[PDB]
There are 2 protein chains.
Amino acid sequence: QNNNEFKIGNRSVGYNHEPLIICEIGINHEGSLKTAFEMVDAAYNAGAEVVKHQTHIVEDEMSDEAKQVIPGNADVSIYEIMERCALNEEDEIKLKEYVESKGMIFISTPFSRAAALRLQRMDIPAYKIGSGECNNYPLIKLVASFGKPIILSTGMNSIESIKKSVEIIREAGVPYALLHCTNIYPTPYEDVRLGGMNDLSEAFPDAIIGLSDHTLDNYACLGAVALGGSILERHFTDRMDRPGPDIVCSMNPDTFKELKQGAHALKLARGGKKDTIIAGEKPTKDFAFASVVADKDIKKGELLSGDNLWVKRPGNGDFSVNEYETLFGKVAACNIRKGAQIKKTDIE
Amino acid sequence: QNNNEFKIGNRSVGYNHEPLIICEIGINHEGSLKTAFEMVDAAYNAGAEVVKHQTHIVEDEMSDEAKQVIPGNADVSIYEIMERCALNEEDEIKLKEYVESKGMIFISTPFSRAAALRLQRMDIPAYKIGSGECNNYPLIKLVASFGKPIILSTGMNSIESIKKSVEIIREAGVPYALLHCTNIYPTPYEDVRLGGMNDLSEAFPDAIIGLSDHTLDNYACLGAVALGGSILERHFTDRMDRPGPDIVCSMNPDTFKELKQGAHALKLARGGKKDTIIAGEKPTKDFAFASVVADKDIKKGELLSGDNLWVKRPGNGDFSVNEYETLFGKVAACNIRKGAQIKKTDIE
Ligand SMILES: [Mn+2]
Ligand SMILES: [Mn+2]
């Protein structure tokens, strides 16, 4: 598709690089640092390159009205969920060091101004902005002024609303990625609309394109890689029997490994051009292509025609099936045996 | 992508229909009708809709030169392989009835004029033309005059060489499909070039598009579905420990089931548009979007500014984050408490 790219630390991202899978532990640790470490361990052992957290500072993230609104995948207020799962600054700093001590990249999604400022102090290599904040222009202006690349999910937002955020990002001069997304825990296959990735790349040609996903399996993400996706995102848990509203659509070590393997295979198979010559096909072309042969015993002097000529494998004959009709009208320079390949010396 | 379509018997094929998986037993039965039936049974029990055979009449398919050429995946001449695996007319008729007795569709790839005529007598619902015969124009003219839809693989052929075959097909007035393909047993991921499907659809807008595959797994085909493929083809065997040159890249009942499941999921997830409104996202939009709030206690009379205003979740406030800046300059109609959502009655 394109040659756009940028780096998250020492990791290059873009169409011409290996797709990057972001393992979002998010709020899956339910506020326990111990659980968070067990999930970081599972990600590390599964071969993850990036672990993504969610930075929640409830007071700066939402007003009192949030204590009265229930999310689609929960039974209590969003305020109660975030307050229950939120890690204080101290613990989050410990989580970042822990992930890095494992040789992995740590990034986190900020949901507020205070969160963004905390992450800037921690000096993360890139900032993720969720679909909920894709239209929070003032917050995006703040994050872009940090000087690091931005990864923006675009669920729940139209191309036009997104253009305002991208304009702000360009103005700041930092590279960015746009992840197509559908924000429903979980998301049915029918609502995915992988075509959205194309719409985004067409509208924003300088953007790295990817997919953030909330379906129950790897199919959507694998399709995203086939279409040209460079960044894949799925919630991640060490085991499926963990409690939590996001566990339902989370991938686990086993499913992460499958996704990584499939993404690699599709990275290799995607794109390319129809007319490209594949050397490995040579031996097949040599025996599978047809050559012109006598379909009847032809006496010297007789004229060749579509009545006494036909075509058969292999393709080493003097005349290819492509020249079949050009032999019509020619005269046999000698007797031609039925079934024999017509050779140049066979025509006067 | 498009609304092109046609029927293979009572089965509709096209972008707006469920992708069709063709199970190619081909020469996997090694010339044994008993083995062929065991493979047909395995396909049936796995849920296959179509079983594809290969019709070999060695004398009309190749000249004596073929007894001296070895294919890439074999150690003996192509003539010896075909002669060893070929089913006579009697047995092939029995195979067709057997497949149909199982409620499945039977089609077969012809490799010669004699093969095409035999299949016409059997009256198959559609004709498959392999990549080896994609450039065999005289043979294609013969098959097109039969009046049934044609499925043409295009491996080893450039867009220009393919246009000659398509012209012949249109001239005959029958619907057709173009399958991208790479003819190497097996095919590495890197040689797949899924982009070839796009090239084909762009060049031939009236063609149903699909993929014929020879890789070691389902990844290539799943990627093809994500891109818009309507027909998938893989060699098929009842078990992987069967002898034969094509068994290496064949799928088996278990892998067929996985492909069918994935193709279904990707049929649902592919395409669509970014701007489409997903009803299921409503509850998320209501709590995730931000509203304007007082960032400072504002005394009546004071002017609102980016210094004493900010934005926070949820999205039920009188002023959305989109209107943040429009409040700059307004005058507080009364005292505004820090953290409170700015309401219409809050400004004079
Ligand atoms: Mn998510
Ligand atoms: Mn094949």
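Values below: every heavy atom of this structure, side chains too, minus hydrogens, waters and symmetry copies. Below, read A as the first sequence line, B as the second, and so on, with proteins coming before strands; counting in each chain starts at 1.
Here the shortest heavy-atom pairing between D60(B) and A114(B) reads OD2-N, 2.7 Å. The two residues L259(A) and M251(A) come nearest to each other via the heavy atoms CD2-SD, 4.0 Å. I208(B) and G14(B) get closest at one heavy-atom pair: CD1-CA, 4.1 Å. A pairwise comparison of heavy atoms in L216(A) and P186(A) identifies CD2-CB, 3.6 Å as the closest pair.
Sequence neighbours left out, the pairs with a member in residues 196-242 of chain B that pass ring pair (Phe, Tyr, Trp, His ring centres under 6.0 Å) are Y185(B)-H214(B), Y185(B)-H235(B), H214(B)-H235(B). Screening residues 130-147 of chain B for side-chain hydrogen bond (donor to acceptor under 3.5 Å, both in side chains) gives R313(A)-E133(B) as the qualifying pairs, with residues at least two apart or on separate chains. The stretch residues 250-260 of chain A participates, sequence neighbours left out, in these side-chain hydrogen bond (donor to acceptor under 3.5 Å, both in side chains) pairs: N28(A)-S250(A), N252(A)-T255(A). For residues 228-242 of chain A, the set of pairs meeting the salt bridge (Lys or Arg N to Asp or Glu O under 4.0 Å) definition, not counting sequence neighbours, comprises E38(A)-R242(A), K52(A)-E233(A), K128(A)-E233(A), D238(A)-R242(A), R239(A)-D241(A).
Comment: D295(A) engages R113(B) in a salt bridge, judged by a side-chain N to carboxylate O separation of less than 4.0 angstrom. Comment: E65(B) does not engage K312(A) in a salt bridge, judged by the lack of any side-chain N to carboxylate O separation of less than 4.0 angstrom.
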(request) Determine, step by step, whether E90(B) and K94(B) satisfy the salt bridge (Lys or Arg N to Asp or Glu O under 4.0 Å) criterion, reporting the C-alpha distance in whole Å, the side-chain angles of both residues, the deciding distance to 0.1 Å, and the verdict. (result) CA-CA 7 Å; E90(B) 178 216 12; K94(B) 287 186 186 179; 3.6 Å; yes
(request) Take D199(B) and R193(B) through the salt bridge (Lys or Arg N to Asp or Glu O under 4.0 Å) test and state the conclusion after the steps. (result) CA-CA 10 Å; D199(B) 291 354; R193(B) 304 159 292 133; over 6 Å; no
(message) Please evaluate residues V311(A) and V293(A) with respect to the criterion side chain to side chain contact (heavy atoms under 4.5 Å, CB included), reporting the C-alpha separation (whole Å), side-chain torsions for both, the decisive distance (0.1 Å), and the verdict.
(response) CA-CA 5 Å; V311(A) 296; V293(A) 300; 5.8 Å; no
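No more than 12 heavy atoms of other residues, nucleotides or ligands lie within 6.0 Å of OH in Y44(B), so this atom counts as exposed by the packing criterion. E59(B) CD: more than 12 foreign heavy atoms inside a 6.0 Å radius.
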Identify each donor-acceptor pair in which a side-chain atom of residues 72-84 of chain B lies under 3.5 Å from a protein atom, sequence neighbours left out, and give them as a table.
unit_1	atom_1	unit_2	atom_2	d
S77(B)	OG	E80(B)	N	3.1
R84(B)	NH1	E30(B)	OE1	3.4
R84(B)	NH1	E30(B)	OE2	3.0

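In this structure, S32(B) contributes its side chain and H29(B) its backbone to no donor-acceptor pair below 3.5 Å. In this structure, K274(A) contributes its side chain and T154(B) its backbone to a donor-acceptor pair below 3.5 Å.
Geometric assessment of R270(A) against the ring of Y189(B) yields a negative cation-pi assignment under the 6.0 Å and 45° thresholds.
Qualifying side-chain contact (heavy atoms from CB on, under 4.5 Å) partners for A263(B), counting only residues two or more places apart in sequence or in other chains: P19(B), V225(B), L232(B).
By the 4.5 Å heavy-atom criterion applied to side chains, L117(B) and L119(B) are not counted as neighbours.
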